[PDB]
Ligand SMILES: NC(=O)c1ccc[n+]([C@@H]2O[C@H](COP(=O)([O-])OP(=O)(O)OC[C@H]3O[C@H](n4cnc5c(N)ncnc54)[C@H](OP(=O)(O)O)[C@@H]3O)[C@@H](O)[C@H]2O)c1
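Given as structure tokens, the chain that follows is alone and in the form solved without the ligand.
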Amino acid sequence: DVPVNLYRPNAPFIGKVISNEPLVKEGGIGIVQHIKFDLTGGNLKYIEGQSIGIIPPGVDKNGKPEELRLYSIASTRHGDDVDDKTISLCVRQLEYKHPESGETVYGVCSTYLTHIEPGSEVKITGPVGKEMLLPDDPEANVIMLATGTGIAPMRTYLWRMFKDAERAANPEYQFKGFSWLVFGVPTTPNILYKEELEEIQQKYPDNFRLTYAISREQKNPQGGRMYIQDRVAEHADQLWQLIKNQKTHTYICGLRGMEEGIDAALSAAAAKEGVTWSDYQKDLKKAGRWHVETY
């Protein structure tokens, strides 16, 4: 059922950029772009929670051709226009320090993508990944813990769950469970897809909860900047109580570093009922109900 590797690096699909739109609003940090590609003329199909590869042009410093980078798919299987014709990505421009020689260093594939023009041809591979798949059970609870571009798979889940046009297109999936996104970014301008996330929460107050951790605007109880692990600690008992349900799935996505504090929070919660979280979690992973993708 799951589409996998319909296109591979040795013979990628050549798609065309339809649009490239900014997601970070004025006064935010960095550049994150929503990029939609045309899939017509090929047979690339995919589902929610999967990734694709992009092969950027050029050679590396050693003269060798650049190889693919993976990006989490940001659209449902139907694409943003629910026409089964496109696929979208949520790409942050990588840039960084002077202890990497030069001045500011700009990531190759992410700079290429964030600056790409509509009409341009792009080498696409995939789809890949079976670890971040959403349950078909419309009564499942879904916890989503995201930072930055880790919002991408969460967008594919929530759009499938909650968009009117998705609901009309997916007779078999009429979501009635409970989902909770805890989303960590540095500023309110940096809240990717803010308007649509808040619209969903307003329409579906009983089925969707939205919690932000905004580091430049909020302090945790210790006086430090607010991060996602702080919000998970604050809501550790609530989150553990949901995780106890046989039908609950949890998804963690974003740059690596989030897991240690999330585990410590849930470990203190579970310990109150005589449960060792690390062992309970191993069983959840084995059951396919604890999903992690960090990078």
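Start at 1 with the first residue shown and count on from there.
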Open item on the list: Please compare 104 to 112 with 143 to 151 and name the stretch with the higher mean C-alpha B-factor in the deposited structure.
Closed with: 104 to 112
Task: Residue stretch of maximal mean CA temperature factor, 188 to 196 vs 88 to 96 - done: 88 to 96
TODO: Pick out which of 126, 135, 79, 118 has the highest C-alpha B-factor in the PDB entry.
DONE: 135
Task: Identity of residue with top Cα B-factor, from 206, 217, 83, 166 - done: 206
TODO: Within this chain's modelled residues, let me know which third the CA B factor of residue 68 belongs to: lowest, middle or highest.
DONE: lowest
Task: B-factor third for the C-alpha atom of residue 292 within its chain - done: middle
Task: Among modelled residues of the same chain, the CA temperature factor third for residue 235 - done: middle
Open item on the list: Per the entry's values, where does residue 40 land by CA temperature factor relative to the rest of its chain, in the lowest, middle or highest third?
Closed with: highest
- [ ] Report the third (lowest, middle or highest) to which the CA temperature factor of residue 183 belongs, ranking only the modelled residues of the same chain.
- [x] lowest
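What comes next is about the form deposited with the ligand bound, which does not appear here.
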Open item on the list: Can you tell me which of 263 to 271, 234 to 242, 39 to 47, 22 to 30 lies within 4.5 Å of the ligand in the entry with it bound, counting heavy atoms only?
Closed with: 22 to 30
Open item on the list: Under a 4.5 angstroms heavy atom criterion, identify the one residue in 86, 179, 190, 125 near the ligand in the entry with it bound.
Closed with: 190
Open item on the list: Please identify the residue among 137, 198, 81, 95 with any heavy atom within 4.5 Å of the ligand in the entry with it bound.
Closed with: 95
TODO: Evaluate residue 158 for contact with the ligand in the entry with it bound, applying a 4.5 angstroms cut-off between non-hydrogen atoms, and reply yes or no.
DONE: no
Task: in the entry with it bound, residue 185 touching the ligand (heavy atom, 4.5 Å) - done: yes
Task: Touches the ligand in the entry with it bound: residue 147 (any heavy atom, 4.5 Å) - done: yes
Open item on the list: Is residue 75 part of the interface with the ligand in the entry with it bound - any heavy atom within 4.5 Å?
Closed with: no
Task: Heavy atom within 4.5 Å of the ligand in the entry with it bound - qualifying residues of 202 to 230 - done: 215, 216, 225, 227, 229
